[PDB]
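This report concerns only the one structure given below.
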RNA sequence: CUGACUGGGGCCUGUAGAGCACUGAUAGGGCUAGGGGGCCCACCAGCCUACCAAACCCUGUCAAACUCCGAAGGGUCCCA
RNA sequence: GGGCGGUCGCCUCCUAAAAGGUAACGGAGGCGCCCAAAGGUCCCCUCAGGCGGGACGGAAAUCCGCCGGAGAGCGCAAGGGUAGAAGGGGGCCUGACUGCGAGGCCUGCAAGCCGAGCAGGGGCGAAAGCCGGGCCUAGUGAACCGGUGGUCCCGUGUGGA
RNA sequence: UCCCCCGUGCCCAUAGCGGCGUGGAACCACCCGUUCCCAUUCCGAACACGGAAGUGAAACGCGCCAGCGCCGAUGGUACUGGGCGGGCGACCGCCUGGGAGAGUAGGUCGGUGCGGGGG
Ligand SMILES: [Mg+2]
Ligand SMILES: [Mg+2]
Ligand SMILES: [Mg+2]
Ligand SMILES: [Mg+2]
Ligand SMILES: [Mg+2]
Ligand SMILES: [Mg+2]
Ligand SMILES: [Mg+2]
Ligand SMILES: [Mg+2]
Ligand SMILES: [Mg+2]
Ligand SMILES: [Mg+2]
Ligand SMILES: [Mg+2]
Ligand SMILES: [Mg+2]
Ligand SMILES: [Mg+2]
Ligand SMILES: [Mg+2]
Ligand SMILES: [Mg+2]
Ligand SMILES: [Mg+2]
Ligand SMILES: [Mg+2]
Ligand SMILES: [Mg+2]
């Protein structure tokens with residue numbers, strides 16, 4: 001036990017982001033968002049940054065056919 | 001020459017030369033062996049003078065085997081110095097050998113060339129050292 | 001390989017051995033360098049009471065009256081694996097007196 | 001060119017002073033030992049410098065047997 | 001009390017049957033202890049010891065960790081005897097699951113790296129140091145006592161022998177895979 | 001020698017001494033001690049400058 | 001009648017001898033932490049080292065200040 | 001041979017010939033100290049390394065598991081011994097007492113060392129039991145002349161000094 | 001008058017190490033909790049207390065496996081009191097007794113007391 005420096009860990013409720021958070025143990029009730037953020041086989045939780053969010057007029061096929069004109 | 005690179009103590013004693021061999025009679029490495037017969041010391045100059053007299057004698061084949069190692073420092077006082085006042089300086093490490101111990105063992109050298117080579121290196125040593133060949137006198141069961 | 005071995009000193013040459021299992025306890029009194037157990041009082045060999053720490057009073061009176069019945073007084077006490085805490089088997093007869 | 005080291009300590013002169021099969025009195029030193037080469041048995045006491053002596057008088061006996069060290073046993077006479 | 005205990009009892013104990021295990025009662029693998037260490041971070045954060053990681057650590061899991069000594073004065077890293085530098089704690093109870101279910105669900109998001117951690121960090125006899133980097137940003141602590149990066153180190157010790165028998169447990173308990 | 005400050009402990013009420021040191025370098029300043037006198041039967045003892 | 005010495009019983013040692021399990025040096029052989037390094041490759045995605053070499057295991061050794069071992073003897077005590 | 005140089009005391013190992021002793025201007029080294037805890041009692045734990053890992057990390061900081069029986073440590077050089085503690089951690093205390101001390105080791109003598117136990121009064125432990133300093137061997141100096149406290153013993157006819 | 005298990009011993013690695021079995025009705029261990037007497041540089045892991053619904057997985061006992069380790073015989077010298085000789089020396093030879101250490105055969109994974117429980 002050792003009552004003393006060891007606190008009682010007063011109950012406080014977290015804001016229940018991804019289902020029910022593991023319940024009232026610590027007095028820190030605040031997260032940013034999205035406790036799990038995915039089901040955790042990591043189902044492509046993307047926010048479409050500098051990579052292929054803009055896919056029009058680049059990473060495309062322009063300037064004619066599939067380039068039979070080569071030789 | 002050669003010398004042991006590390007020692008517990010620098011100087012040590014002499015002792016006696018009795019006892020038969022305390023190991024080192026069976027060859028177990030080569031096909032021949034130069035075996036001693038009289039108790040004496042083997043200086044590193046006697047090791048070098050007998051080791052050069054093999055590689056300069058026979059060439060291009062035959063590995064030479066030495067089974068002697070000097071760990072006894074020969075202690076000699078400087079010249080024109082009276083007695084006492086501590087021990088002398090260390091000049092060259094010597095190797096104690098017993099009679100019936102095999103010192104030099106040629107490898108890959110035939111009969112008529114190994115008898116000659118061990119005969120040349122036999123005169124570099126102050127000991128009556130006869131020559132033995134590979135026999136069935138091993139320590140196997 | 002845990003052992004404390006408070007049984008190693010043996011200045012007093014006559015000790016009371018104590019074994020506490022997790023179910024019940026039992027105790028003996030040994031005579032040293034001879035290997036003869038004089039008297040003993042064992043729970044579930046005489047099956048005195050169910051609660052394991054309430055055993056110590058009745059086996060203290062029982063082993064005390066059997067020790068005085070066998071006529072040995074100057075005894076001792078071991079503490080080999082266990083702390084002197086919880087069960088005490090305190091007595092007021094026999095020279096252990098604790 | 002002088003003598004480097006030529007001094008030596010005076011011997012403290014340890015050793016076994018009472019062998020077994022010897023009648024002793026209460027207080028005889030059984031062995032003067034440097035370290036505890038002998039472990040106390042019955043009626044044997046140690047001192048400051050690991051010296052063990054007899055507590056009672058009688059015929060002494062060694063080597064009850066090993067696995068912990070050599071034993072000294074001052075056995076009384078009956 | 002109960003914190004993902006249904007995933008502890010009917011997602012582990014019958015799941016370790018028909019493909020793993022010798023299917024008696026106790027050689028099915030389970031959790032014995034999960035040690036957690038500070039180890040000063042990089043080096044000594046101060047010349048004199050300050051004992052505040054016991055306070056924010058007692059905030060995040062509500063218990064004081066023992067500040068233990070140092071070894072022989074090698075003095076290449078100004079090593080010394082005394083003035084304890086340990087900050088180690090095991091604390092195995094249901095209080096283990098009180099904090100381990102918090103960091104089990106809060107630490108895999110809310111810190112940025114490649115998605116997850118090594119399945120090659122398993123060791124012999126199944127004791128598995130997992131080794132998170134820092135987490136003083138979002139262990140829901142709100143920047144309390146920002147001295148340095150000041151991470152910690154976790155080892156979740158299983159019971160069974162092989163890495164396939166701890167690997168049988170841990171990502172069926174919810175760990176990531178292939179870094 | 002010259003660090004030990006070898007001294008003797010006084011009766012702290014009447015007369016005797018006990019002859020044991022107390023270091024001046026390490027701050028072992030004004031160390032109380034109980035010791036056995038002859039007449040006063042295990043009273044307290046303190047230092048003296050000699 | 002205890003003595004020098006001798007016979008019957010114990011106890012003790014670490015010398016001769018022997019040995020490498022301990023403390024060090026060691027003639028080779030195998031394995032190769034790694035290092036001038038790398039044939040030279042989007043660097044780890046290698047390959048043999050006829051380059052060096054840590055540590056380990058064998059065939060072999062040496063020791064007054066090494067002993068896992070260990071006499072012949074000597075000392076001591078009881079009886080004759 | 002003397003002078004020059006080195007040494008003069010104590011401890012450790014060998015020389016040293018298996019009891020003890022044993023020399024040389026023989027070899028290898030240390031000391032003129034230190035700890036109110038580095039002491040006593042009581043209660044817990046077993047080390048150093050190697051392997052598999054780590055978040056920084058030298059291949060040594062700190063943590064986990066296995067192997068590891070003593071190759072670590074025990075203030076200090078070396079030897080002995082030690083985990084069935086003398087080693088590391090914590091509580092309480094100062095026996096780091098006073099009067100003695102049977103019986104001994106060794107010694108030419110002087111010295112040096114062990115000391116069960118008796119009384120008074122303690123400390124620790126519930127007790128059994130231990131404690132008259134330090135795990136041990138070096139860390140010192142006979143005698144004479146005086147210094148500081150107590151003792152009120154003598155104090156030169158008497159009382160005092 | 002016998003087997004199994006638990007305490008406590010003596011033999012001092014022929015007792016251990018490593019692998020393979022096996023046992024809980026019967027003790028013992030494991031386990032479920034901590035509520036108080038108790039505790040942790042931190043934690044009921046180890047001490048402590050209620051138990052005991054589940055178990056012999058781990059540990060613990062018994063049984064097997066000689067390689068791992070250990071013990072290790074008869075001869076044979078090395079060595080040596082004691083006596084007699086040789087060699088210029090380094091050092092050797094004979095007799096009388098004594099008698100190793102390695103190595104080889106082989107042995108072993110225990111032997112034997114006291115007090116309790118069950119049949
Ligand atoms: Mg053990
Ligand atoms: Mg203990
Ligand atoms: Mg215990
Ligand atoms: Mg007579
Ligand atoms: Mg006589
Ligand atoms: Mg005789
Ligand atoms: Mg020798
Ligand atoms: Mg020899
Ligand atoms: Mg004899
Ligand atoms: Mg001697
Ligand atoms: Mg002699
Ligand atoms: Mg101490
Ligand atoms: Mg103790
Ligand atoms: Mg005298
Ligand atoms: Mg000390
Ligand atoms: Mg007058
Ligand atoms: Mg007058
Ligand atoms: Mg000559």
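When residues in the range B:91-141 are screened for being closer than 9 Å to residue B:36 by Cα, touching a helix residue (DSSP H, G or I) at 6+ places or on another chain (Cβ under 6 Å) and surrounded by fewer than 19 Cβ atoms within 10 Å (Cβ to Cβ), 1 of them pass.
Residues B:22, B:76: which one is more than 24 Å from residue B:123 (Cα to Cα), within 16 Å of RNA strand I (Cβ to nearest atom) and surrounded by fewer than 14 Cβ atoms within 10 Å (Cβ to Cβ)? Checking each option against the conditions leaves just B:22.
Residue-by-condition table, conditions (1) more than 14 Å from every other protein chain (Cβ to nearest Cβ); (2) free of Cβ contacts under 8 Å to residues at least 60 places away in the same chain; (3) under 30 Å from residue A:42 (Cβ atoms):
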| position | (1), (2), (3) |
| --- | --- |
| E:67 | no, yes, no |
| E:96 | no, no, yes |
| E:107 | no, yes, yes |
| E:126 | yes, no, yes |
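Annotation: of all residues in the range A:22-39 being surrounded by 14 or more Cβ atoms within 10 Å (Cβ to Cβ) and under 10 Å from the mean Cα position of the chain (by Cα), the one that is nearest to the other protein chains (Cβ to nearest Cβ) is A:37.
Checked against (1) within 13 Å of chain A (Cβ to nearest Cβ); (2) out of contact with any strand residue (DSSP E or B) (no Cβ under 9 Å at 6 or more places or on another chain); (3) closer than 30 Å to residue E:167 by Cβ, residue E:30 passes all but condition (1). Considering (1) within 14 Å of another protein chain (Cβ to nearest Cβ); (2) under 30 Å from residue E:71 (Cβ atoms); (3) crowded, with 19+ Cβ neighbours inside 10 Å; (4) touching a helix residue (DSSP H, G or I) at 6+ places or on another chain (Cβ under 9 Å), the lone condition that residue E:102 does not fulfil carries the number (2). One residue stands out among those in the range C:70-98 that are surrounded by 15 or more Cβ atoms within 10 Å (Cβ to Cβ) and free of Cβ contacts under 8 Å to residues at least 60 places away in the same chain: the one that is farthest from ligand 3 (Cβ to nearest atom), which is C:72. Screening E:108, E:172, E:103, E:136 for residues that are away from RNA strand G (no atom under 16 Å from the Cβ) and touching a strand residue (DSSP E or B) at 6+ places or on another chain (Cβ under 8 Å) leaves exactly one candidate, E:103. The residues of the range D:2-29 that are more than 14 Å from RNA strand G (Cβ to nearest atom) and within 14 Å of chain B (Cβ to nearest Cβ), listed by number, are D:2, D:3, D:7. Would a scan of the range E:46-54 turn up a residue that is more than 14 Å from chain A (Cβ to nearest Cβ), free of Cβ contacts under 8 Å to residues at least 60 places away in the same chain and either more than 22 Å from residue E:153 (Cβ to Cβ) or within 16 Å of ligand 3 (Cβ to nearest atom) (or both)? Within the range E:46-54, one or more residues are more than 14 Å from chain A (Cβ to nearest Cβ), free of Cβ contacts under 8 Å to residues at least 60 places away in the same chain and either more than 22 Å from residue E:153 (Cβ to Cβ) or within 16 Å of ligand 3 (Cβ to nearest atom) (or both).
I'd like the full set of residues that are within 21 Å of residue E:93 (Cα to Cα) and part of a loop (DSSP other than H, G, I, E, B), limited to the range E:51-78. E:61, E:62, E:63, E:64, E:65, E:67, listed by residue number.
Can you spot a residue in the range C:26-39 that is within 30 Å of residue D:44 (Cα to Cα) and within 16 Å of ligand 2 (Cβ to nearest atom)? No, every residue in the range C:26-39 fails to be within 30 Å of residue D:44 (Cα to Cα) and within 16 Å of ligand 2 (Cβ to nearest atom).
Residue-wise test of (1) within 17 Å of residue E:63 (Cα to Cα); (2) within 14 Å of chain A (Cβ to nearest Cβ); (3) out of contact with any helix residue (DSSP H, G or I) (no Cβ under 9 Å at 6 or more places or on another chain); (4) part of a loop (DSSP other than H, G, I, E, B).
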residue	(1), (2), (3), (4)
E:91	yes, yes, no, yes
E:118	no, no, yes, yes
E:123	no, no, no, yes
E:151	no, no, yes, yes
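Look at the range C:1-25: where a residue is within 14 Å of another protein chain (Cβ to nearest Cβ) and a partner is part of a loop (DSSP other than H, G, I, E, B) and near RNA strand I (Cβ under 6 Å from one of its atoms), sitting 6+ places away or on another chain with Cβ atoms under 6 Å, you get C:7/C:80. Taking the range D:1-74 and the strands (runs of 3 or more DSSP E) fully enclosed by it, the elements with 2 or more residues that are more than 16 Å from ligand 1 (Cβ to nearest atom), farther than 30 Å from residue B:88 by Cβ and within 11 Å of the chain's Cα centre (by Cα) are at D:29-32, D:38-40, D:44-46, D:52-54. Considering the range E:1-24, and only residues there that are more than 18 Å from residue E:162 (Cα to Cα) and assigned to a loop (DSSP other than H, G, I, E, B), the residue that is nearest to the other protein chains (Cβ to nearest Cβ) turns out to be E:3. Against the conditions (1) touching a residue at least 12 places away in the same chain (Cβ under 8 Å); (2) surrounded by 13 or more Cβ atoms within 10 Å (Cβ to Cβ), residue A:15 satisfies every one except (2). Could you tell me whether any residue of the range A:47-56 is at positive phi and loosely packed, with under 13 Cβ neighbours inside 10 Å? Yes, that holds for at least one residue.
What's the total number of residues in the range A:1-17 that are more than 8 Å from chain E (Cβ to nearest Cβ) and part of a loop (DSSP other than H, G, I, E, B)? Reasoning before the result, please.
Residues of the range A:1-17 more than 8 Å from chain E (Cβ to nearest Cβ): A:1-4, A:10-13, A:15-17.
Now drop any that are not part of a loop (DSSP other than H, G, I, E, B), which leaves A:1-2, A:4, A:10-13, A:15-17.
Qualifying residue count for the region: 10.
Only the coordinates and a few stated rules stand behind these numbers; no lab work does. As a convention, Cβ positions derive from the backbone with ideal geometry for all residues, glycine included, and neighbour counts pool all protein chains shown.
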